[PDB]
RNA sequence: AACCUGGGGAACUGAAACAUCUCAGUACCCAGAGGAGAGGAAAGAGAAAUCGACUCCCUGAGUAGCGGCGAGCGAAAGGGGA
RNA sequence: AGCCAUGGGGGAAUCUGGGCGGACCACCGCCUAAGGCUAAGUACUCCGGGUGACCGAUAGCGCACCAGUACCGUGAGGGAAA
RNA sequence: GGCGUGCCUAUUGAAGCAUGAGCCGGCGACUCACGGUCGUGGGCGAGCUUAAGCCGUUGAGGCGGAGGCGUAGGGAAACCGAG
RNA sequence: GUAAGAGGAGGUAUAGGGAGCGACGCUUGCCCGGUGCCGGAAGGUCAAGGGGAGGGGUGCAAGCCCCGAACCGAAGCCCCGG
RNA sequence: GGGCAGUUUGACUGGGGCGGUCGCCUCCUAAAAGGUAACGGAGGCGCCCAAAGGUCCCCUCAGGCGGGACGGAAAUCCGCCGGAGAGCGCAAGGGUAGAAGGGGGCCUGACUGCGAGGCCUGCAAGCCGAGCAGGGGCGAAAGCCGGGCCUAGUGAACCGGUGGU
Ligand SMILES: [Mg+2]
Ligand SMILES: [Mg+2]
Ligand SMILES: [Mg+2]
Ligand SMILES: [Mg+2]
Ligand SMILES: [Mg+2]
Ligand SMILES: [Mg+2]
Ligand SMILES: [Mg+2]
Ligand SMILES: [Mg+2]
Ligand SMILES: [Mg+2]
Ligand SMILES: [Mg+2]
Ligand SMILES: [Mg+2]
Ligand SMILES: [Mg+2]
Ligand SMILES: [Mg+2]
Ligand SMILES: [Mg+2]
Ligand SMILES: [Mg+2]
Ligand SMILES: [Mg+2]
Ligand SMILES: [Mg+2]
Ligand SMILES: [Mg+2]
Ligand SMILES: [Mg+2]
Ligand SMILES: [Mg+2]
Ligand SMILES: [Mg+2]
Ligand SMILES: [Mg+2]
Ligand SMILES: [Mg+2]
Ligand SMILES: [Mg+2]
Ligand SMILES: [Mg+2]
Ligand SMILES: [Mg+2]
Ligand SMILES: [Mg+2]
Ligand SMILES: [Mg+2]
Ligand SMILES: [Mg+2]
Ligand SMILES: [Mg+2]
Ligand SMILES: [Mg+2]
Ligand SMILES: [Mg+2]
Ligand SMILES: [Mg+2]
Ligand SMILES: [Mg+2]
Ligand SMILES: [Mg+2]
Ligand SMILES: [Mg+2]
Ligand SMILES: [Mg+2]
Ligand SMILES: [Mg+2]
Ligand SMILES: [Mg+2]
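Chains as they are written, first to last, in the UniProt record's numbering: chain C, 9 to 52; chain P, 51 to 150; chain R, 10 to 85; chain Z, 2 to 64.
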């Protein structure tokens, strides 16, 4: 399944790949946007 | 063109604004004129003199700048480089463009 | 039948030889695994690629148990 | 009469001031899905060509 | 004889296939006009608080754009002349 | 996807009118549709004249000569030699 | 007496039992236009050059800078500029 | 045949069109699932159009312009049967 | 809606057709660099994993012999022998316990902006990468991290979709 992570309180995406049935529903991994530096990134 | 295969036309167009229906928008055209040639002759340089004999060629706008030693005189121009304004400020006036 | 098949040549092996001058970063030798180990001023990548980190000459040093090492002696 | 500039080529390739030809890196719009940050960045910059450079010159000539 | 306007209007060919495109509003058919025909005194052009019917030649320009953005197609304003 | 034209349907107003300035709105601005005429500059060459680093009878118009002939075709049409 | 496998084309290879030509004479095939690219002779040189067209001529030349190439690049563009 | 019109036929289902067998003698079996055709006012699906909940552009606003859900929407196909 | 019209209906190929194949990876052929054909020999891929990853520390296999309650050729516990013959997600090869293999802790570098200099190479494409800046993870730290031991897991351009600038 093709996944795409969004940024908090902002509008930025990132390349990803989640798993369908395999143990993995959400994606709360941190990441680095262009504005400022380092903020948590949700799946969405 | 030819090869029979997909021509080297495999490349791609990043060039935006490549086209639009009503055609072209009417916008000003600044002519880059280096003050080195500007320094050649001396008196009172204006778009009139440059187009009359030089490097303007009926261009819509004028803009002096670049390398060279600026002679002492009034230089009427539509635009100036930050570095260009320095040489003339060292020995001359800074006549800006029109407005209306 | 059903046999005519083969991935094209990867063209690996020793690229640089001992007694050779080199810049900085030159892939000294490409390899399949660890047919050669790094060494003095010699790094490697994922594919086990051997490449200079400095400028100098290539040199080889077999050491039996340890293996065959390769390094570049700096000079200028 | 009057060579016609190959519009299909101009819209995708600009010539350097010297004599070289430059165009965007290929493969970066579709194949994408999750390639190494290196790839996507390497594909961001334009480049020079070789022989066919002369070929594409003989199009945008009037240009 | 050719030229001219209007009403109709192809295909080969090109795209190295082909169907949109191209050939081309060409060939041909038809009606009409006269030494010419057509067009013509803005419900215009288009950005200059500018020009000032129409027609033709330079140029603008292989630009603006058009295009299975392929092959290819291809203006106008403006300036200079009759 | 405006503008110019318009086969179908709906369908006004007369200067506080109406079109246009590339979908639409607003502002700024150009112009007055749904009647007709208008020379010249332009195109062509059956006809006459002038000229040619154009031909010189297998060339040059198909035809220098009683050729669109003889001859060939039902017929459009083809078409010499000299 | 010694020596000796036609011409052309096409071919890996032809004297060829591969193609073409009965013999002679004549007609017969890489051009021009415009645009481009490299070289080249020559003029001028940060300048260079004119197009329609007007004047003249009756095988004369001249005027005509509208326009075009060049003097700054880079970016998709706004823009900035020896960057 | 674009049409007018003509044939059909100045005929009328004991006639005319189409199709397959091919004097006549004895016969012409079983299979509607797939295909065609014939019958089927329900249901499903469906275009223009109708409808306008709701949403957008712009303007001081009156307005102008645009997007648009439920639902009413034919033949055809689905479906039922021969 | 073949009544009519305009078209397409591939290539390789010990002649075509039928059959098979067409891209990528592993090995052999390949003649001790590279490369190298054949409808030559012999196999795989069109994925998978938030832990099967980064890091810090700990830990070392398979098999063999003897002993042992169910089990018993082989579950699990003990001893000795045992340098790689196991494992490294999936083919094969090269590599590897002086870790790349098994476990626990913290955790998200499966970063953005770049890129000296290279291997390979007709083109395009592919592949490696020090070091730099911002900033962040593990560690006391020296330091490692720009995804999985590695070489397959893929698609120029065009045309269009969704979110921002
Ligand atoms: Mg980037
Ligand atoms: Mg130009
Ligand atoms: Mg055809
Ligand atoms: Mg064909
Ligand atoms: Mg056309
Ligand atoms: Mg007239
Ligand atoms: Mg004239
Ligand atoms: Mg013109
Ligand atoms: Mg043309
Ligand atoms: Mg239109
Ligand atoms: Mg109408
Ligand atoms: Mg009137
Ligand atoms: Mg008239
Ligand atoms: Mg002569
Ligand atoms: Mg006769
Ligand atoms: Mg021959
Ligand atoms: Mg032969
Ligand atoms: Mg030969
Ligand atoms: Mg012969
Ligand atoms: Mg032959
Ligand atoms: Mg013969
Ligand atoms: Mg030439
Ligand atoms: Mg009919
Ligand atoms: Mg009747
Ligand atoms: Mg009758
Ligand atoms: Mg009976
Ligand atoms: Mg509606
Ligand atoms: Mg129905
Ligand atoms: Mg191999
Ligand atoms: Mg080899
Ligand atoms: Mg070899
Ligand atoms: Mg792993
Ligand atoms: Mg092993
Ligand atoms: Mg480990
Ligand atoms: Mg691991
Ligand atoms: Mg390359
Ligand atoms: Mg690859
Ligand atoms: Mg740092
Ligand atoms: Mg295309």
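A virtual CB, placed ideally from N, CA and C, is assigned to each residue, including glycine.
Is residue 70(P) helix, strand or coil when you go by DSSP?
-> coil
Does any C-beta atom of chain C lie closer than 7 Å to the C-beta of residue 35(Z)?
-> yes
Would you verify that the beta carbon of residue 60(P) is, or is not, closer than 7 Å to some beta carbon of chain Z?
-> yes
Can you check DSSP and say which residues form a bridge with residue 129(P)?
-> 113(P)
Report the three-state DSSP secondary structure of residue 38(Z) (helix, strand or coil).
-> helix
Pair within 7 Å by beta-carbon distance, residue 42(R) and residue 57(R) | yes
Are the region 73 to 93 of chain P and the region 112 to 119 of chain P touching by the rule of at least three beta carbon pairs closer than 8 Å?
-> yes
Closer than 7 Å: residues whose CB approaches a heavy atom of ligand 1 = 42(Z) and 45(Z)
Under 7 Å from the C-beta of residue 30(C): neighbouring residues of chain Z = None at all; the shortest Cβ gap to chain Z is about 17 Å.
With 16 as the cutoff for other CB atoms within 10 Å, does residue 33(R) come out buried or exposed?
-> exposed
Spatial distance of residue 14(Z) from residue 7(Z) (CA atoms) = 11 Å
State the DSSP-derived secondary structure class of residue 50(C), mapped to helix, strand or coil.
-> strand
If we cut at 7 Å on Cβ distances, does residue 1(Z) have a partner in chain P?
-> This structure leaves residue 1(Z) out entirely; chain Z is present only between 2 and 64.
When DSSP builds the beta bridges, which residues end up paired with residue 64(Z)?
-> None, per the DSSP bridge assignment.
With a cut-off of 7 Å, does the C-beta of residue 79(P) fall near any C-beta of chain Z?
-> no
For chain P, find out if any of its Cβ atoms is closer than 7 Å to the Cβ of residue 12(Z); answer yes or no.
-> yes
Could you give the distance in angstroms between the alpha-carbon of residue 124(P) and the alpha-carbon of residue 146(P)?
-> 10 Å
Would you list, in sequence order, the uninterrupted beta strand (DSSP E) runs of no fewer than 3 residues that lie entirely inside the region 47 to 71 of chain R?
-> 51 to 53, 59 to 61 and 65 to 71
Return no unless some Cβ of chain Z is closer than 7 Å to the Cβ of residue 38(C).
-> no
Spatial neighbours of residue 84(R) within its chain, please: CB distance less than 6 Å, with the 5 preceding and 5 following residues excluded, ordered by chain position.
-> 65
Same chain only: Cβ atoms within 6 Å of residue 38(C), ignoring 5 sequence neighbours per side = 48
If residue 16(Z) and residue 61(Z) are in contact, beta carbons under 8 Å, what's the gap, nearest whole angstrom?
-> 6 Å
Contact set between residue 55(P) and chain Z, taken where Cβ atoms lie within less than 8 Å | Within 8 Å Cβ-Cβ: nothing; residue 55(P) doesn't reach chain Z, min ~13 Å.
What residue from 81(R), 45(R), 15(R) and 69(R) has the CA that sits closest to residue 62(R)'s CA?
-> 81(R)
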